[PDB]
Every structure is written in C-alpha cells, then in structure tokens.
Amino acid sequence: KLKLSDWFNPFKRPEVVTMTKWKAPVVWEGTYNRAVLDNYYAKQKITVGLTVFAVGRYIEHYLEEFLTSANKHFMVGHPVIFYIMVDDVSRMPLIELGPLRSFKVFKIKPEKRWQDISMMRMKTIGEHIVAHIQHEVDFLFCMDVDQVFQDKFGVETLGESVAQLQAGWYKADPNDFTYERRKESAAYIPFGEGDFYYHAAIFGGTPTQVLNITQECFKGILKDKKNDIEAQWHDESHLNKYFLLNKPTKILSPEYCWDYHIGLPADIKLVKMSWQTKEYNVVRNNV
C-alpha cells in the first residue's frame, strides 16, 4: 500500500498549488521521488497503456514524432503498450521500439467533421477498454497526437484518475476558465463553480476509471447532439464537467503538457511534454 508521503513532497515547490482541497497531489517537477515509485511498481510488475489517435493528415504530421518521443520518455523501465488508432493503416509509421515497449494498431472509421473525430475518441477508447485494454494494463493514459515528449514522463503520474492542468489557464480564476457556459449543454459549468481547467490532450488512470470517464463524457456528447448543441471546446468541455463532478485523484502540472508559445516562466522547471504548433489549414478539412 503506497502512501502519498512516501513519494510526494509538496514543500519542494511552495510557490505553486501542490494539493487540492480534496487532497490529491498536483505533481510538479521536484515534488516527486521517482526512484521510490519505480521500485514499488516494478515489484508489482505493472504494465502501462497509452492510446493515441491519428486520423487524416494528423498521421503524417504528428504520429511518428509522438511515437518516437513516447518510446524514449514514457514510463521508462516498465512494460508499456501503445494502442494506435488510425483511419489508414498503410500510412502507419512503423518505428523501431525499445526495451519494454510494444504496440498493436487498429483501423478506425474517420468521422467527417474534425470535431467528431476528436469527440468520438471517447466512444472508441471505452470499447477498447472493455474489449482488451482492461486485461492488458494496470494504468492507461489517453493522449492527443499533436504533441511530443521532451523528458521523462514516468510512474509519478500514475493514479486512479489523472487530469492535466492546461498550460494557459493554470494561474487563472474559475470564472475566467473557458468552461461551456450554456445550460442547454451537458457540459455546462455555471460561473461560481469549478476547481481547475483541465486539458483534454492528456488524461488517464486505471482501466475502470478511464472507462467511466470516457463513458459519461460520450453520453454527454450524445445528449448535446440530441439537443442540437455542441460544447464550445468539444470533448474538453465535457471532460472538465466530468472532473468537476468526479474529482481526479491526481493532477499533473503544466510541465507535463506545456505550450512554448507562452515562453518558459519560472514555474515551468522541466518540460516533460510540449504542444506541436497548430497547422489546422492542412490537417483539418472543415471549419
């Protein structure tokens, strides 16, 4: 039985939020003892999964770099399985994987609107968790493909349910957050409520918890469709609603998904992952 004090030291980063009102640590560089955690999880022989979708030109623009960086930085020292979801397997970049890495690849149907491509991921992930992921890993992370690992993204990020603080709003007040504000939407979060603004580019936890996250989020996505409304930030709006109602047991600082367009302020000590520059004119086909 692992105890928070065994690996997490919030006093190492006193200038930032390291603990939520419901506890749950906010993992910042310097606060975690990866050595302790690696030993602990290794003795449990855990396996970590990672899902990533690449539909359309996202394949050529980002899949190879994402996979290459993940192979080098994601849960090094532990068995990892990459679940690649593409609409065209013939364009699948097959890179050489290193020790403790392996993958499988699935062909999925490409949604017409990029907004649905992004949102339908919630449905697909759920189907795969029930079909096989629940039997193959102990923890699973679901990520956007348009980003690249820059440094070790390890076991210090594992937990029941894990959320990512969005790089651009981590210092803002809830009323500034771009939550969906229309009551007609299932993702609606009224002003006066909210803890943080989570990035949908990264989320995870145990297969069971991620299954519930994706389910619920997808149900909200379907509900909105029946009410002829679409959340402002699509799956992200819904994810934030979910995490408001079901608090994550662990949150990652913006160091784990950083936007260099912001520059590199004092709080961001060591970047583990960074956003790829947006290229919508090429990778997206509809407004």
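Numbering starts at 1 and follows the sequence shown.
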Of 67 to 75 and 166 to 174, the one with larger mean CA B-factor: 166 to 174
task: May I ask you to compare 258 to 266 and 50 to 58 by their mean CA B factor in the entry and name the higher one?
output: 258 to 266
- line: Looking only at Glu156, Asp146, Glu111, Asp138, the Cα with the top B-factor belongs to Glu111
field: Highest recorded Cα temperature factor - choice among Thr249, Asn39, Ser253, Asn240
entry: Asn39
query: Among the modelled residues of its chain, does the C-alpha B-factor of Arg91 lie in the lowest, middle or highest third?
result: highest
query: What third of the chain, by the recorded C-alpha B-factor, contains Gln134?
result: middle
Where the record places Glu236 (Cα B-factor, split into thirds across the chain): lowest
- line: Sorting the chain's modelled residues by C-alpha B-factor and splitting them into thirds places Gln209 in the middle
task: Tell me, lowest, middle or highest third: where does the Cα B factor of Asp195 rank within its chain?
output: middle
